[PDB]
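In: Sharing an experimental structure here, sequence included.
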Amino acid sequence: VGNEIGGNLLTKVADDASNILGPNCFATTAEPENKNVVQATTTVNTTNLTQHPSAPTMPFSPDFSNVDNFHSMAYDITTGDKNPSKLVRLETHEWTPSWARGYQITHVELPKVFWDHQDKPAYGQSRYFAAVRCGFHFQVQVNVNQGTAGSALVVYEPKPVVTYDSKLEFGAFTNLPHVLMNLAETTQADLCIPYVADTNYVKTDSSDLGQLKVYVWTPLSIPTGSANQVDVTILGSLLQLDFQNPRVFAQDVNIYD
Amino acid sequence: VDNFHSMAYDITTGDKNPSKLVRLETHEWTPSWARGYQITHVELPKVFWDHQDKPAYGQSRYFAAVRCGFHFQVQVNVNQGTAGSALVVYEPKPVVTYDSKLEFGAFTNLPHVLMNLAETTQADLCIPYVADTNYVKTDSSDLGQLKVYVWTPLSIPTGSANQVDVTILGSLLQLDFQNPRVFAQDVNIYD
Amino acid sequence: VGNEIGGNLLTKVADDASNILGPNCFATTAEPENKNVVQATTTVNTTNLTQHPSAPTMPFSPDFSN
Amino acid sequence: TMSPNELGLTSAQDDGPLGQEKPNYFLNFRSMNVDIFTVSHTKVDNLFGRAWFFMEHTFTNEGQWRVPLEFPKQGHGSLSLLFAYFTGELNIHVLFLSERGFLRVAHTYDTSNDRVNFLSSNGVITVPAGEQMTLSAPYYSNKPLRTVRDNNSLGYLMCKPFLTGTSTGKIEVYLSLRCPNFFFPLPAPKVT
Amino acid sequence: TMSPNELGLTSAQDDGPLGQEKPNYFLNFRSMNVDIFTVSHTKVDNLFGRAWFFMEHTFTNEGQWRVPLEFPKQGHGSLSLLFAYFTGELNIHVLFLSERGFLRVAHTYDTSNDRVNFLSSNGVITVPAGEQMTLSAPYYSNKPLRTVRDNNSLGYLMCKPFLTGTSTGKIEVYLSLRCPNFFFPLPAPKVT
Amino acid sequence: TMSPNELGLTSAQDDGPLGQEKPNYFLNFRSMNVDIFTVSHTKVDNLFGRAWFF
Amino acid sequence: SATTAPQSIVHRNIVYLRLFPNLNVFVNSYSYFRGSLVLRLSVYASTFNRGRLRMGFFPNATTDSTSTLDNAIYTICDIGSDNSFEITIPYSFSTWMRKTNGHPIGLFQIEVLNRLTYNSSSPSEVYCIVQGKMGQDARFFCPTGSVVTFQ
Amino acid sequence: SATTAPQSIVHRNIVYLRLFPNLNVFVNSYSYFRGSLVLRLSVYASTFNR
Amino acid sequence: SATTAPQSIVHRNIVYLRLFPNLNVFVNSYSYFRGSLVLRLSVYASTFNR
RNA sequence: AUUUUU
RNA sequence: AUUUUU
C-alpha cells in the first residue's frame, strides 16, 4: 500500500521513458541486513537469548570435524569420556596373621571411594555433580605362596547391611554377592554389582549404596619358613556411570528428603 | 538406567557438561580509549579451566593433550543514546606472538566481528582447532587467544551511562583430551 | 544476506563437528513476539486504531454465544 | 525445529488467551512424563472424591442442627478456593455418636429457615445410634452455579436427633463431593 | 534484479563467515574480467615458484654453514607474511663461487645441531667449484605445519665446502618453493 | 574375540620361531597405521640407497 | 540497577514451592510431586535501556551464598522487545517422587552480566518480577494434611 | 561532526594502493595490475543520529 | 623383593628409545618416528612364589 | 594432488 | 456425562 514501492515506481518509470540508450535510472528496495529478529543458543544446561544478533563469522573454508586425521594421539576418540569409568586401586591393606574368623580385613566407602583422592580418574567429574547412579565391577586380589593356606570372604554390603551389621549372623553373609575365595587356589575375585539402593539416585561423595568388605573366613595358616605379609587389594571399575544433578565444586548437596 | 527418571536430564549430561557454555571474561570498556586499544584478552584454550569452578576443569586435569573447536559469544550492551564499535577477533599463537609487527585495521583478515554498538549486542565466532601442531598442551596459551579491541572509541552523550561492560562467553563445539598424566602436572607434548 | 543467519550458521557448524554424543550446541533465530504491526477495530460507528497491539486474552475454553 | 520462543525468550504481554501449553526445551532436555500410579490424583473427580472434616456438634436435646455448608480453607479441599463456581453432587458424611436413639439428616440449598422446620421432603435419612451414613445430596439449588466461597456455597445441612431418655452425645460431620464442576479459576488464596 | 545490498548499502557486522565474493554494481557498470596473459601470476604456485635472494656466506676454511631458513620480509616472497601456516616442497638455489673445490649441501627441519654434525642422510648434494644447483627439499618436518614467521619457519640449510688448497670464496643463496600450502591468512604486516 | 595372549599375558620362552607379528590390544586401542609420506624410509633398498661419507 | 557491578548479585535465595501462591496451595494439599519447574523473569525497562543478566539455578542447593553459575543451569537475558526470559529446572531428586514441602528446589541466583545502560531520558534502574509454575510433565501424588490455613 | 557545514569537507585526500595494509603488500610485490577498487565508509553513530 | 612394601616402588625411570639396543640404532639413524611402543616385564620366580 | 602441462 | 470402571 506504500512505503516500499520505491523500487518499482522508479525502476518502471524509467523503463517507460527509456530511449535506445536504455533507462537512465534503476531503483531497488528491500529489507536491511540488520532485521528485527531474535536468536537463541543452547549449550549443555545453558540458554543464551539475544535480541540483537549479528551474522556469525568463521575462517576460510573451515573444517569443524576437529578430528586429527593423522592420529598424533593413538587412543580412542572417546578415551577422555570413558576415563572416569577406568579401573582403579581402591584399597590395599595387610592381612595381619592371627586374625580370628569373621574379623574384618578391610572395607571401602562405596561409592565415594572412586573419588578417594584428587588423583582418581573419576574425581574430576564427580565434583561437578551431586547425584550418581552407577554399576560396579570389583576385583579383590590376594596373593599367597603355595605353602600357605587360608580363605577370605569378599562380600558387597548395601547401606542396609552396613547399617545393621552387628545384627546379622556371619556365615550367612554368603547370601550377599560374595566370593568365598580359598587362598592357594585363587589369587583374585570378581564381583559385578549393579546400582543397589532404596533411592533412585545416591548423593555424590556419600557412603550410601553400601560398601565392599573383606572378612576372614578362616585365618591364615602360614608355615614356619613361609612369608607372613599377605596384602589384600581392592580394585574397582564402573560398569556404568551417571552424574546428573549440577552443583558448585564439591559442595555437599542433599538429594534426599 | 533409572526407568523413572528421578533425574530428568539427558543420560549424556555429565559427559557433555565440560563442553558447556561458560563465562570466560568480563572487563569494563573504560571511556576515552583510543582506537586499536585492547579492551580485554583471553588465554586460549587454558581459559576454559580458568578456575576449579569450570565444568571442563575437572577432566582437563587428567589429560595433557587437547584438540578442540570453539564457539565464542562476545556480548556488549549499550543504551541507544550511545554509540561506538569494537573489534572481536581470534588471534592464533602466530598472531599473538608477532602482534606488534601486524598492522591494525588489517586484523579483519582474521575471524572477526566488527560489531557496531547500538546495533548489535552480541557477536558470534566459530573457531576450529588452529595450530601448527596436531595437539596442544593442556593448560597452555597455545592455539592463540581471543581479543577485543577498540575499533572506534565510545561516544557517550552527557546524560547517558558511562560504564560499558564487555563479556566473553565460550563453548566447545568439539573437545578431545588424549594424553593421560598425573593431576595437573605440566607435561611437554612438544619437542 | 546476513543479520538472521545466526540459526543455521551455529546449528550446522555443530552438526558438522558432532561426535557419537551428538551436537554440543543448537541455535535458532526468528522474529520476536512483539512485531511491528498495526491493529484496527471497529464497533458501531467507531474505529480504534492501535499501532502497538498485544496478544488478546480470554478465559479458559470460553463460550461467547451469550 | 525449535523456535527461540520455546527456548525461554518470550513476552509476558502475549500470553492471552489463558491456557497456553507451550513446550520448553534446551539441549539435553525434554518434557518427560513418568507415571508412578495407575491413575491421576490431580483430577477434580478423584481428589475431591475424598472427604475431609467439616465440623462437630454436641447435642443434649432433640433440637435441630442447621449449618451453612461451605468449602474448606483448611484441608486438601482448599484446592477448590482456586475456582469461582461449583455445581454437582455433594457427599455428606455424618457420624452419630449416641448411646440410644436416631438421627434425622436432611439437606437443602433453600435459604428460607421455615422450609426446614418440618423436614417433609428434605431427605430425612435415619442413622441409628452409634452408626454413620454417607448421603449424596443432589444439586437441588435455585442458582445454576454456587460461588465456591460463600459461607453457604454448599447448601445447609439439618440434623434433628430423636433421642429416647436422658442420653446425649455429639455429631461429627465431614464431607466430599461426587463429580464436581468448577469454573473460572481465580487467584490463589492468602494465608492467615 | 539487483538488491540494495549489492548497490553499496550493507552492514560491516554481517560479513562473517570470512570470504564473501559479493558483486557490486551501479548503472553503466559491471565486473569486467579481462586477461592479458595466458595465466595467472596471483596463484600461489606460480608466484612463489619464482626464487628470491636469501643470504650470502663468505667461506675461508672447510667449516660448515648452518642457517635458519625463513620467509622473506623483503622480496615478492613477502606475500607469504599474509599467511600463518605453510607446508610443502622447498626449492633451494645455491651458487658455489670457488676456484677449485666442492660444496656439500644439505637440509633438515630437525632443530638438533648434532644430527647435522655428520650429514649422513641429510642430502649431501655436490656442486663442483664455480657451479650452482637447485635442490628441492621435501617436507621432512616433525611439525605438520610451519608457522610462516618463525626465524626457522623453513628448515635449516647446511653447507660444508670441501676445498683443496688455500682457495677461498663466497656462497650466495636464494630460494623459492614448489607447490605451497598456506593456511589461515593473518593481518597485513607493518613497514620498518 | 580377543584372547588373553593378545592382551599382554604371554610367556617369553614361547617366542620361537623368530618373527611373530602378534597384535596387542586393550579397550580403546588398536594398532593404527598412518602414513605421512608416499613411501617407506625403512625399506633396505631406500634407506641404503642413500650414500654416506667413508 | 546500573550501579550494580558486572558481577554483583541482583537477587539470590533458596526456592521452595510454597514461595508461589498457586503452588503453595498444592503444597498444602499434596504430600509429594515431580516434574520440571519454570521460572520467568520479567524486567520492565524502557526501549533505550540495554544490558545482559545471567540467572542460574543449582538444583537442591541449600547454601544461600553467591557462587559462579558457570556450572549451574543458567539463562542469559539480553534486553530487547521481549523482556521476559525463562528457565526450566528438570525434576531432580534421589527419588521418583519428592516431598511437596521438604527439601529446597535449589539455589536461585540472578547476577549482573553487563551493567544496565541508559541515557538522559531513560531510567538508571528498572523493576523485575519473578514468576513460577510447573512444567508440562508436572504431577502431584499423595494428598496430605495441611501445614497452613488460607483465607 | 554536527558543526561541519552542509557543504564543508569531512575528509579529502589522494588515494594510492599503498595506503592500504593488504594492498600495500601487493604493491611491494607486483609491478602492475588492473580491476575495480571498492571503498567502504563505516560511520558509527547512535540510533538517534541522522 | 618380599620386603618391598605393598606400595613401594621396585623400579622407576624416564624412558627414551635410546635406552634400547635395537631401537638406539634407529635413534642414531632416523630423525623422527611414530607408532606404539611395547614393554615386556619378565619376572623369574619359582612355582611357589605368588 | 590435473598440488609439472593439456 | 465413559461427569462409577473398561
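Out: Structure received. Residues are numbered from 1 along each chain as shown, chains lettered A, B, ... in the order given.
In: Next, count neighbours for the one residue in chain D that gets nearest to RNA strand K.
Out: Using C-beta to the nearest atom of the strand, the single residue of chain D nearest to RNA strand K is residue D:179, 3.6 Å away. Placement of C-beta: from N, CA and C, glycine included. Neighbourhood size, residue D:179 [other C-beta atoms under 10 Å in any protein chain shown]: 10.
In: Report the contact partners of it.
Out: Neighbouring residues of residue D:179 by C-beta atoms under 8 Å, 6 or more residues apart in numbering or on different chains: D:45, D:88-89.
In: quick check, nearest of the residues you listed to residue E:165?
Out: residue D:45 (117.2 Å; C-beta to C-beta).
In: Is the host helix or strand of the closest one in proximity to chain C?
Out: Using DSSP states H and E, residue D:45 sits in helix D:44-47. No - Helix D:44-47 does not reach chain C (C-beta under 8 Å from any C-beta of the partner chain); its nearest approach is 13.6 Å.
In: in that helix, what's buried?
Out: Using 16 or more other C-beta atoms under 10 Å in any protein chain shown as the burial criterion, the residues of helix D:44-47 that qualify are D:44, D:47.
In: for stretch G:87-97, same thing?
Out: Here stretch G:87-97 shows G:87-97 as buried, counting by 16+ other C-beta under 10 Å.
In: just stretch D:152-163 next, same as before
Out: D:153-161, D:163.
In: Please identify the residues of the stretch 1-150 of chain A in proximity to chain F?
Out: So far as C-beta under 8 Å from any C-beta goes, the stretch 1-150 of chain A lies against chain F at A:70-71, A:74-76, A:78-79, A:82.
In: Go again with 7 Å.
Out: Within the stretch 1-150 of chain A, the positions adjacent to chain F are A:70-71, A:74-76, A:79, A:82 by C-beta under 7 Å from any C-beta of the partner chain.
In: State the phi and psi torsions of residue D:76.
Out: Backbone geometry at residue D:76, expressed as degrees, to the nearest 10, gives phi -60, psi -10.
In: Let me see the contact set for it.
Out: By C-beta atoms under 7 Å, 6 or more residues apart in numbering or on different chains, the contact set of residue D:76 is D:47, D:52, G:29, G:143.
In: if you set the cut-off to 10 Å instead, what comes out?
Out: Contact partners of residue D:76, counting by C-beta atoms under 10 Å, 6 or more residues apart in numbering or on different chains, are D:41, D:47-48, D:50-52, G:25-26, G:28-31, G:142-146.
In: if you look at the one helix or strand residue A:216 maps to, does any of it touch chain I?
Out: Using DSSP H and E, residue A:216 maps to strand A:211-221. No - Strand A:211-221 lies out of reach of chain I by C-beta under 10 Å from any C-beta of the partner chain, never closer than 13.3 Å.
In: residues of that strand that come out buried?
Out: Quick answer for strand A:211-221 (16+ other C-beta under 10 Å): A:211-217, A:219-220.
In: Assess the claim that residue G:101 and residue G:25 are in contact.
Out: No - Residue G:101 lies out of contact with residue G:25 (C-beta atoms under 10 Å); the separation is 11.8 Å.
In: joint contacts of these two?
Out: G:17-18, G:148.
In: Inside helices: which ones of those?
Out: Assigned to helices by DSSP state H, none of the shared contacts of residue G:101 and residue G:25 qualify.
In: Now list the buried members of those.
Out: By 16+ other C-beta under 10 Å, these give G:17-18 as buried.
In: of the shared contacts of residue G:101 and residue G:25, closest to RNA strand K?
Out: Looking across those and measuring by C-beta to the nearest atom of the strand, the closest to RNA strand K is residue G:17, at 28.1 Å.
In: And that closest one, how far from residue B:49?
Out: Counting by C-beta to C-beta, to the nearest Å, the separation of residue G:17 from residue B:49 is 37 Å.
In: now do residue G:20
Out: For residue G:20 relative to residue B:49 (C-beta to C-beta), the value is 38 Å.
In: show me what contacts residue G:19?
Out: Residue G:19 touches G:13, G:27, G:104-105, G:108, G:130, G:132, counting by C-beta under 10 Å, 6+ apart.
In: mind putting those residues in TSV, neighbour count and secondary structure included?
Out: Below are the contacts of residue G:19 laid out as TSV (neighbours: other C-beta atoms under 10 Å in any protein chain shown; DSSP: H, G, I helix; E, B strand; the rest coil):
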residue	neighbour count	secondary structure
G:13	13	strand
G:27	24	helix
G:104	20	coil
G:105	22	coil
G:108	25	strand
G:130	17	strand
G:132	18	strand
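In: JSON lines for those residues, including distance to chain B?
Out: Listed next are the contacts of residue G:19 as JSON lines, based on distance: C-beta to the nearest C-beta, whole Å:
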{"residue": "G:13", "distance to chain B": "21"}
{"residue": "G:27", "distance to chain B": "20"}
{"residue": "G:104", "distance to chain B": "16"}
{"residue": "G:105", "distance to chain B": "13"}
{"residue": "G:108", "distance to chain B": "18"}
{"residue": "G:130", "distance to chain B": "21"}
{"residue": "G:132", "distance to chain B": "17"}
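In: need these in CSV with distance to residue D:16, can you?
Out: CSV is the format used below for these (distance: C-beta to C-beta, whole Å):
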residue, distance to residue D:16
G:13, 30
G:27, 27
G:104, 33
G:105, 28
G:108, 27
G:130, 21
G:132, 20
